[PDB]
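One chain is shown next in structure tokens, namely the form deposited without ligand ADP.
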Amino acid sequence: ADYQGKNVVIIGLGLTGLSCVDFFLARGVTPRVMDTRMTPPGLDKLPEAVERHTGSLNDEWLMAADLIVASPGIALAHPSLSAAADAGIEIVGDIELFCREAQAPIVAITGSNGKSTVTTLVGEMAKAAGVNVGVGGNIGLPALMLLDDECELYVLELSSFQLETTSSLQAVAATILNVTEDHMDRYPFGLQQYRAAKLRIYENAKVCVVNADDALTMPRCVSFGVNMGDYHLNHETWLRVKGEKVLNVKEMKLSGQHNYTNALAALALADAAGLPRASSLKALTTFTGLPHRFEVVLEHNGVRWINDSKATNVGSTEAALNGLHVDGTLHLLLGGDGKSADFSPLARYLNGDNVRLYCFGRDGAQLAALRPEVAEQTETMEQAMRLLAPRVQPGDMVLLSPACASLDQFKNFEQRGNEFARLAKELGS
């Protein structure tokens, strides 16, 4: 696309907003940026020649623009963006800009849970194939920063928000791993609207990879599943493709059924992208996992401290608990911005005499209510931890898998995960 002479407005700073700014400057276009936050991240890294309006949106800027580039963090339903859409002003995201430029095939991955793992695995599978691959998007580097014509493959994680402003994506392989309640604060029309956003990822996709165990992930598409699907499991556990064994999961550093289904999805995607299977399977044996994604940060004195800060929704926390083995007592930490999510689904995993809940952040109270007889409620996570540490016995597990966003008290789930690791080392000895 050609943006010359166009009046461009970017909504939202941070790394993404900056990646968008650099995108236009390099192309000889000076955009204006606005952020509803008084001091958005990156503000000081923004070139002085770039006009900025913070602390709110500027409708005079918005209605005068030829192109509005909206951060996934602002809803198209916002009246200001809504008025501009009515006026016929074109609105896009960074992912849209990226798609219009990319000169390599794109593997697009989305889903309520497992997208970063799968996106990282496909990245890993391309590296083992000797493919110059750009991995990023909703994780790692913002898509616009991955743009290089020497790049031979792009692997992008895409959120429902990003997909909402994208229309030019023609993925060589795309998937929705699953759809479970999340982001309801941004989807006033319920689960189906949320799903509708994710389904956009299949539009123009050369191959669609669906989850045979989750009907919501379906728009033929190649499928993956536990007991069924083109890519499925076999029980010792094996990853099978159309009846043929391809990998005994004991060769994987990752465990858990959902991580095995992740392996199948990554494989299905890698295959569709033409990546050599041998090297893709090798990558499945070398990947160790993502930080904050069910990460043991300390295992000392018979006690495991696991950092699953990346569990920012009920489905995710549920994955950590379903089948979880604990010798003694599970001290589970929940809390933050639950985003109006129904927490009930967790309750069935919260019975027995070996559970303790330590609920904090904005929705702490609501989280304690799952089983008030075994729950404590503090304001912060550090209080929750200094509260549980004394009660930790050999055989116990301290699990931070909050089922919520951390944006209410933290910059991001990584900050919350890192604070948990520091505290655990402190109290774990």
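Residue numbers here begin at 1 and follow the sequence given.
Form deposited with ligand ADP bound: not shown, discussed below.
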{"query": "Partner proximity in the bound PDB entry: residue 311 to ligand ADP, non-hydrogen atom cutoff 4.5 Å", "finding": "yes"}
{"query": "Contact label in the bound PDB entry: residue 124 to ligand ADP, heavy atom within 4.5 Å", "finding": "no"}
{"query": "Contact test in the bound PDB entry: residue 319 vs ligand ADP, heavy atoms, 4.5 Å", "finding": "yes"}
{"query": "is_contact(residue 294, ligand ADP) in the bound PDB entry, heavy atom dist at most 4.5 Å", "finding": "yes"}
{"query": "Which of 276-284, 242-250, 351-359, 257-265 lines the interface with ligand ADP in the bound PDB entry (heavy atom within 4.5 Å)", "finding": "257-265"}
{"query": "Position in contact with ligand ADP when the complex is considered in the bound PDB entry, options 200, 115, 232, 331, heavy atoms within 4.5 Å", "finding": "115"}
{"query": "Identical rigid-part label for residue 165 and residue 293 between the shown form and the other one", "finding": "no"}
